[PDB]
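The chain contents come next:
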Amino acid sequence: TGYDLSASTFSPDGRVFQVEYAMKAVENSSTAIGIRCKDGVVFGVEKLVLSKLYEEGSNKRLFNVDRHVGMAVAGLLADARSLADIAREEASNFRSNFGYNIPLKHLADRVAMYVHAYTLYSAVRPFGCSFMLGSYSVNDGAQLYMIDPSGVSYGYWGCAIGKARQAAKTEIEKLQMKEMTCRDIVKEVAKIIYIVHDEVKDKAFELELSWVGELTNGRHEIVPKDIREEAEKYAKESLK
Amino acid sequence: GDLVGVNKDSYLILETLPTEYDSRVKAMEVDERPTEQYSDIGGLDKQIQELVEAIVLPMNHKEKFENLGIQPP
Amino acid sequence: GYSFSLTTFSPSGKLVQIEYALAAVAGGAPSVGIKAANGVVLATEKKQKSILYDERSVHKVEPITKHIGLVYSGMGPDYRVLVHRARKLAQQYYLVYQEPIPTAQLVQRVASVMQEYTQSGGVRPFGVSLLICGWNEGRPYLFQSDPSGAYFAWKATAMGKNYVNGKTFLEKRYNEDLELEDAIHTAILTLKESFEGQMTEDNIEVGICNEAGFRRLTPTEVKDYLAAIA
Amino acid sequence: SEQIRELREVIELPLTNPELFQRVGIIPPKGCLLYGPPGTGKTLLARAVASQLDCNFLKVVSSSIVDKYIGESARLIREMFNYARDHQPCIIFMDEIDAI
Amino acid sequence: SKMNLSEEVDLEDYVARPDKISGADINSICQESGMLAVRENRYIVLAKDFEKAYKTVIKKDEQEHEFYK
Amino acid sequence: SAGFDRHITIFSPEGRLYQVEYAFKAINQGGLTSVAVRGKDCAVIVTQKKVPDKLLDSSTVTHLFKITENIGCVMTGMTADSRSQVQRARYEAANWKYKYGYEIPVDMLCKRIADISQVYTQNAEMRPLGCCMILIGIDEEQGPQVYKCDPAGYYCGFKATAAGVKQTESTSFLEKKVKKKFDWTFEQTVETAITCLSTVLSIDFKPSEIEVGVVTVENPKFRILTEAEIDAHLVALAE
Amino acid sequence: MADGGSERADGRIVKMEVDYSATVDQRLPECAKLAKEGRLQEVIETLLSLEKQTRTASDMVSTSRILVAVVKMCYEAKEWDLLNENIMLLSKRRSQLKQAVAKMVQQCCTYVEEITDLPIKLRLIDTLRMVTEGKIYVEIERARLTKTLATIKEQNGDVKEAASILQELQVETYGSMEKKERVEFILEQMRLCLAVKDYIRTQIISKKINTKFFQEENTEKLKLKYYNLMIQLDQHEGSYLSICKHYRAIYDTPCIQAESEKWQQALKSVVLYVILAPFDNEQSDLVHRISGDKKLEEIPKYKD
Amino acid sequence: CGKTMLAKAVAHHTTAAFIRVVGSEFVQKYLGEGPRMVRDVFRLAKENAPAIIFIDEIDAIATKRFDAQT
Amino acid sequence: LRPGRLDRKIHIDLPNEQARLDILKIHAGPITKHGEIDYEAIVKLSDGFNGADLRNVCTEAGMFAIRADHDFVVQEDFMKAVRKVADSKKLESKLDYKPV
Ligand SMILES: [Mg+2]
């Protein structure tokens, strides 16, 4: 506190508050969760409609970095767009220098070191974003990663980013995710969103579900749950 | 602590005449009885409960704080 | 106080941050250096905080060329910078002139390096003073630089903590003509003035200059030298 | 349980046995520093020392003696000893040693 | 002198030591060894504690961060 | 008192500076402790892990980092500054092999690390990386070694090593430990490396809560112990 | 959960002689693996005390004979291994080993009149190894004291057993002094100190007694009869007035205990050497207190 | 190094009015009270016997060395 | 720090996770209930880390007993009490205090 202006200064007890201040700016964003089954990764983002003039698919938070890699950002949306273009550019140089797809364990290291560099100098500020990284391969399986604004990056089986970070992972861990298929996961992700405050004190929302795994043959794309609409049909039955 | 009546010169207690107050304390008792309701107040719903649980219930339920066996502040 | 910075003067006197940099020199480990008639003796103090620290890992007496050695009193992390600077600078003379650099020539140049960090305005000065020895052209030499950039030529001196007691010792002690073997005898006897309790073969670390080149002493001789020779 | 007793005989043995303080000879073992949280420790284990004799307690607010000129404060020292003279080892309980 | 030592343990082995001690800390040594025998229920100093009380108070160079020497 | 030089890296009156020595208490927010022990011809790293979540994985937690095939390390302090410190360590270990044609000594590497941490103190305008590094390695004609690098740019090699939160309690145990002249036959090393951390932290850990890196002069490759043989050394000390 | 280990222990107590007792130690590590589990409520302390009871009962049957070594080597087996067995970091110190050996020191109280002195002090020297660690905190804190007093009466006391008790005195004020039995233990060592002719140490450990008084109400023949050794302490140099103040203190109980020979010699012993104190105001009014007695004229030293 | 003990040793074997004053209770607030406490000592001293005024520490305020433009 | 002012010092620690249950059953004393309580099920779900504030946990469980007309205290009321009290502890700033 006064000793908290620059990002290159220490507190008298030994922490940087400019990193601490940017972490709870991610806290005010809506909840985006991630989960992986035994043969794929399923994303899911609670996204709220601003007033009414939103045109049903604008400014999405499910990006597409590589052929098999996408993001699940939450926080400052404009800061995540510039950070997503770094990961698009980083995966292109690995293709041009080595001739094959980027491993997700190596991709998250290159991004987190880039986020780390904005937490050291007084000229720039730390980012205000946190996001997810999911991929699938036949020689590596499915992985799911997690990057904070400080730059700590390691793997989970399931996660949540937003207001309800604790309130979502309470009921994620009561799932037998080690053996389910990622078609049964999709109907289970939608009830985790709709339990915790979809439109209670808010106005409206719309669910987005991204999708990667064995059924897509390594491709990353949005779900065909505009087809048959089964996520909302199965989750709205959990009213009682 | 008694408001006894004492002779001037002899300084000897003569009468008792207790419990006498001035007009300033008598003016402090409210005879207005204002008309404010809780519907007029908005945005303080946590503090509304924490007041009624603290003061109003010891005013009403003297024995509910007895059979449970705690002390209201 | 005006000070806070290095690129401006005080209204009355001199640069204050360079004076504060000299305070870190006085709070360092003690050291001593004596110029005898046939050589120069360097000796310093080196105690570990625990019994766990390997004493034969990091050295204090550090050779620059085959006839030039160097000690310090300040902060060891800043010491390793200008040592590596003085190594590469000493080779640049030898590539041009094909001749080992005289001891009065490094101190022209090493002090100009410590000069440059006293400039503007976001860098800090060093917190290290030095003692530089060597036997060039018969006569031996013993100099001393500072973080301000000046230099000297000593007969005998002592830096570090309690230097005023070692100075009044050496003022009462140092004569003009002794050999190198008598010089080490009064160089440990001035280290015993301000040292701590035990003084073993690993608490001190001593290097010398002959005319046969620079050499630092192994603890086999230093145990046998401190064995009952006062 | 470790601190009920570590504080006990470091107070008990000097007050019960002043004769060993002439078998070698030194008078002041003058007490421990109880530091940590507020918790319940400052007020409750002071009553754990009250288990044998003890009693005294009184109170030290650490504020009425801290007046600036200490010519009054030295009298405010001995003002509290007007009851501590009335007994055997009186046990001056002292709260908020360091608190202003 | 005003302390019942009563041993054959010679104190001048601590006179001849270096690590120069301030005069207040000499008073701390003899009082600490008084504690370091009575607390162990001894009616006399046996002066095997006197080594430990000497090594206790002499350790004041606390951290210094192993930095700037 | 100071007050004075407590924002940026300049001198104090008499005589120190505070921003570097605030990084020394920047390790302690990790809430962790690491122990390195060199007794004889082998070398042992031991460090606990702390997994606070069931959704959190197990493989992506380990602080044991393989620098080269014969040099391993462990990292304390805060997490994000630790990994960028390792990236410089992996990088300059390969430049030695390219420029000079042979394997880098473990002694030479801490010089190259602490000099990079030196410039950030001398020249300003970069935060000086509040993490600590401990190295082990095998040297020809020198035996095994244990080194420690500091955020100030200090380094010193020494036999028994603690870091993290509990240096002053673990090193106090190891001074009394390494004073007797007992030999260290590769299980005398490990059992003391366990029981020092086991009593200072007061955990006496369950088998799945730690890591143990090792190197030995019979197989100089850096080696992370299997969870099964961690249990074998744990049932060895408690017979 | 652990009732299977109990019915297997029902098998092994029948098969102590039908099967050999090493097989009881071969069924034992399965019950150790049950103790290795010890999770929350299933196979934890209360049922763990049952296998600890039955393994000691099998240790009773196996080493009731002069083949004693099995009960001892099973103890340094399990009591070094319990750090790996039940819970790491100082497991409970709560009913996992305590009453299993508190039964055994009760058995050492039984066998000391039967077994000879050699294998019982081999039994004691192997139980002192873990009693120095824990298990004598409280209930029962005198698991050490009922057997270290037995070590005194092995050779019936000497210089060494006085040193053996003075080194272990305050460890049960380090557990919790017992209004009565702790006072009864902390008195007993100084008559051993008088056997080693120690007097300055004797009065230091005697000054701990003075605050625990008025328990002679429930004490018939022990409280004010140990103080007949406290006058032996002040028998030494000259303190004649103080031990006549002492005789008036022990004057009361043989008037409660209405005797006419033990109480009469209390009148005899007090009237002899109030005289032998040097003259003072304290002697001058004490004789003015003790004269005028209704009981003093039973003796012709009323004339004296 | 045994400084205050020497002042206490004089107070025994003298026949004076020993006055010891810490050099810290007059560097306080309330502008003007500081210099009057110096007067309160000496008016109490010079009214009395041959006396000793022992100021304990002036490693506090004892040095001008600049004109204070503050 | 000389012998005679703070002759020996001692630090008090805030958590034990088992001296919770000691202090809990003290404060789960004179409060009417059934004996229905799994007291360890309180402790494992409790994260208070302060002995004076676990006193506040048993106070608010009686407030949940005032709620829904419980003359006894059900085991749910303590689990209700931890979610109210320990969440209120988390929402306060100025968390730097250390005795020297
Ligand atoms: Mg003084």
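For the structure itself, look to the data block above.
Each value, and the rule that gives it
Residues numbered from 1 in each chain as written, not as in the entry; some residues may be left out. Chains lettered and ligands numbered in written order. Part of a larger assembly, values for the part shown. Heavy atoms only, no water. Residues with missing side-chain atoms left out of burial classes, pairs and counts. Helix = DSSP H or I, 4+ residues; strand = E, 2+ residues; numbered from the N terminus. Rg over C-alpha atoms; globule rule 2.2 N^0.38 Å. Contact = heavy atoms within 4.5 Å. Buried < 20%, exposed > 50% of the residue type's maximum accessible area, 1.4 Å probe, protein only. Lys, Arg positive; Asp, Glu negative; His and termini not counted. Charge placed at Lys NZ, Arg CZ, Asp CG, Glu CD. Pairing = 2+ DSSP bridges. Axes fitted to C-alpha atoms, helices over the stretch in contact; angles between N-to-C directions. Nonpolar A, V, L, I, M, F, W, Y, C, P; charged D, E, K, R; others polar. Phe/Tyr/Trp six-rings, centres within 6.5 Å; stacked < 30°, edge-to-face > 60°. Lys NZ or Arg CZ within 6 Å of the ring centre and 35° of its normal. Core = buried A, V, L, I, M, F, W, Y, C linked by side-chain atoms within 4.5 Å. Salt bridge = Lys/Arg side-chain N within 4 Å of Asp/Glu carboxyl O. Disulfide = S-S within 2.5 Å. Expected span 1.5 Å × (residues − 1). Arc of directions from axis to C-beta. Patch = residues over 30% accessible without salt bridge, like charges linked within 9 Å, V, L, I, M, F, W, Y side chains within 5 Å. Areas by Shrake-Rupley, 256 points an atom, 1.4 Å probe, with all protein chains shown as cover.

A. Local environment of the overall build of chain C. If you tally the helices and strands in chain C, you get 6 helices and 9 strands. For 230 residues, the compact-globule estimate of 2.2 N^0.38 gives 17 Å, and chain C sits close to it at 18 Å. If one aligns the C-alpha atoms of chain C with their principal axes, the spans along those axes are about 55 × 45 × 40 Å. Across chain C, contacts joining residues at least 24 apart in sequence account for 64% of those joining residues at least 6 apart.

B. How the structure looks around the overall build of chain G. The secondary structure content of chain G amounts to 16 helices and 0 strands. With respect to the three principal axes, the spread of C-alpha positions in chain G is 85 × 40 × 35 Å. Counting every position in chain G, which comprises 304 residues, the buried fraction comes to 41%. Intrachain contacts of chain G at a sequence separation of at least 6 include 60% that bridge at least 24 residues. The centroid of the 47 positive side-chain charges in chain G is displaced by 1 Å from the centroid of its 48 negative side-chain charges.

C. Representation of the sheet that holds strand 4 (residues 68-73) of chain C in the model. Residues and elements named next belong to chain C. Strand order in this open sheet of 4 strands is 3-4-5-6, and the pairing throughout is antiparallel. Of all the strands in the sheet, the pair left with one neighbour each is strand 3 (62-65) and strand 6 (140-143). Averaged over all pairs of adjacent strands, the angle between their axes in this sheet comes to 20 degrees, without regard to strand direction. By the bridge criterion, 6 bridges tie strand 4 to strand 5 (residues 129-135) in an arrangement that is antiparallel. Across the sheet, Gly 69 pairs through a bridge with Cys 133, a residue of strand 5.

D. Spotlight on the interface of chain C and chain F. On the chain F side, the residues contacting the 23 residues of chain C number 31 residues. Taken together, the elements giving at least two residues each to the side of chain C that touches chain F come down to helix 1 (16-26) and helix 2 (76-97) of chain C. With 5 residues, the top contributor of residues to the side of chain C that touches chain F is helix 1 of chain C. Split into classes, the residues belonging to the side of chain C that touches chain F amount to 15 nonpolar, 4 polar and 4 charged.

E. Up close: the packing of aromatic side chains. The final tally for this structure, using the stated rule, is 28 aromatic pairs over all chains. Residues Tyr 53 of chain C and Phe 158 of chain F carry aromatic rings whose centres are separated by 5.1 Å and whose planes lie at 70 degrees to one another, so their mutual orientation is edge-to-face. Residue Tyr 53 of chain C is found in the loop between strand 2 (40-45) and strand 3, and its partner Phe 158 of chain F is found in the loop between strand 7 (155-157) and strand 8 (160-162); the two belong to separate chains. When its relative accessible area of 8% is taken as the criterion, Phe 158 of chain F is described as buried. The interplanar angle of 20 degrees and the centroid separation of 4.0 Å between the aromatic rings of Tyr 72 of chain C and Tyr 79 of chain C together place this pair among those described as stacked. Both residues of the pair, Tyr 72 of chain C and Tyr 79 of chain C, belong to the buried class. These aromatic residues form a ring-pair network of at least three members: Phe 94, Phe 98 and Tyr 100 of chain A. If you follow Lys 178 of chain A out to its NZ or CZ, it ends over the ring of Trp 157 of chain A, 4.0 Å from the centre.

F. The arrangement of the interface of chain F and chain A in detail. With 25 residues of chain F at the contact, the number on the chain A side is 30 residues. Per-element accounting of the side of chain F that touches chain A gives the leading share, 6 residues, to helix 2 (residues 79-100) of chain F. Here the residues of the side of chain F that touches chain A are counted per class, giving 9 nonpolar, 7 polar and 9 charged.

G. Spotlight on the sheet that holds strand 9 (residues 210-216) of chain F. Residue and element names in this part refer to chain F. The antiparallel open sheet is built from 5 strands, whose spatial order is 8-1-2-9-10. In the strand order of this sheet, the two ends are held by strand 8 and strand 10 (219-224), each with one partner. Strand-to-strand twist across the sheet, computed as the mean angle between neighbouring axes with direction ignored, equals 10 degrees. Where strand 2 (residues 42-48) and strand 9 come together, 7 bridges link them in antiparallel fashion. Looking across to strand 9, one finds that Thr 47 is bridged to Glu 211.

H. Summary view of the nonpolar core. Of all hydrophobic cores here, the largest spans 27 residues; its most connected members are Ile 64, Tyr 79 and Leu 130 of chain C. At 6 residues, the largest contribution of residues to this core is made by helix 2 of chain C. Ignoring sequence-local partners within four residues, the contact set of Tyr 79 of chain C consists of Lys 60, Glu 62, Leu 70, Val 71, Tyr 72, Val 128 and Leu 130 of chain C. Counting 26 residues, the second-largest nonpolar core is a separate cluster that includes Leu 187, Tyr 247, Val 270 and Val 274 of chain G.

I. Seen up close, the pattern of salt bridges. Applying the stated criterion across every chain, the model contains 34 salt bridges over all chains. When the shortest N-O distance is used, the salt bridge between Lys 191 of chain A and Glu 188 of chain A registers 3.4 Å. A residue pair is termed a helical-turn pair when its members lie 3 or 4 positions apart in one helix, as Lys 191 of chain A and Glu 188 of chain A do in helix 5 (residues 186-195) at 3 residues. Across the pair, exposure class does not vary: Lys 191 of chain A and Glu 188 of chain A are buried alike. Notably, a salt bridge pairs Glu 141 of chain G with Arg 142 of chain G, separated by 3.0 Å at the nearest N-O pair. By relative accessible area, which is 2% here, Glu 141 of chain G ends up buried. A residue is classified by how much of its surface remains accessible, and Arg 142 of chain G, at 14% relative accessible area, is buried.

J. Just the side chain of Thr 173 of chain G, in detail. Position of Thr 173 of chain G among the secondary structure elements: in the loop between helix 8 (159-166) and helix 9 (181-195). You can call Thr 173 of chain G buried: its relative accessible area is 9%. If we ignore the near neighbours within four places in the chain, the residues touching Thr 173 of chain G are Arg 5 and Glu 9 of chain D together with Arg 182, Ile 186 and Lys 208 of chain G.

K. Geometry of the pairing of strand 1 (residues 31-35) of chain C. All names here are of chain C. As paired elements, strand 1 and strand 2 share 5 bridges and run antiparallel to each other. Opposite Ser 31, over in strand 2, you have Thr 44 as the bridge partner. Hairpin connection from strand 1 to strand 2: 4 residues lie between these consecutive antiparallel strands.

L. Region of interest: the state of the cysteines. All names here are of chain A. For the structure shown, the criterion picks out 1 disulfide over all chains. Shown here is the disulfide that connects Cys 37 with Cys 182, its sulfur atoms set 2.0 Å apart. Across the S-S bond linking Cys 37 and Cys 182, the dihedral sits near -125 degrees, which makes this disulfide left-handed. Of this pair, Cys 37 sits in strand 1 (residues 32-37) while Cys 182 is found in the loop between helix 4 (165-172) and helix 5, placing the two residues 145 residues apart along the sequence.

M. Spatial organisation of the arrangement of the chains. With 14 pairs of chains in contact overall, the greatest share of contacts is found between chains A and F. There is no contact between chain A and chain C; across them, the least C-alpha separation is 13 Å. Regarding chain B and chain H, the two do not touch, and the least distance separating their C-alpha atoms is 39 Å.

N. Region of the structure containing the side chain of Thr 190 of chain C. All names here are of chain C. Within the secondary structure, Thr 190 sits in the loop between helix 5 (180-188) and strand 8 (204-209). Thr 190 sits in the buried class, given a relative accessible area of 8%. Not counting residues within four places of it along the chain, the set of residues in contact with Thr 190 comprises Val 32, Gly 166, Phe 169 and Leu 170.

O. Focus on helix 5 (residues 98-111) of chain G. All names here are of chain G. For helix 5, with 14 residues, the first-to-last C-alpha span of 20 Å sits near the 20 Å given by 1.5 Å per residue. Buried within helix 5 we find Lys 98, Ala 100, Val 101, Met 104, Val 105 and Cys 108. In an axial view of helix 5, the angular spread of the buried residues amounts to 165 degrees, which keeps them on one side of the axis. In this structure, the buried residues of helix 5 make contact with helix 3 (45-62), helix 4 (69-85), helix 6 (117-131) and helix 7 (145-152).

P. Structural view of a nonpolar patch on the surface. Residues and elements named next belong to chain H. On the surface, a cluster of nonpolar side chains totalling about 400 Å² of accessible area is made up of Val 38, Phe 42, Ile 53, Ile 55 and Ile 58. Among the elements of the structure, helix 2 (33-46) and strand 2 (51-55) are those that each provide at least two residues to the nonpolar patch. Summarising the element assignment, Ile 58 is placed in the segment after strand 2. Residue classification places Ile 58 among the partly exposed positions, given a relative accessible area of 48%.

No statement about biological role is implied by the geometric values presented.
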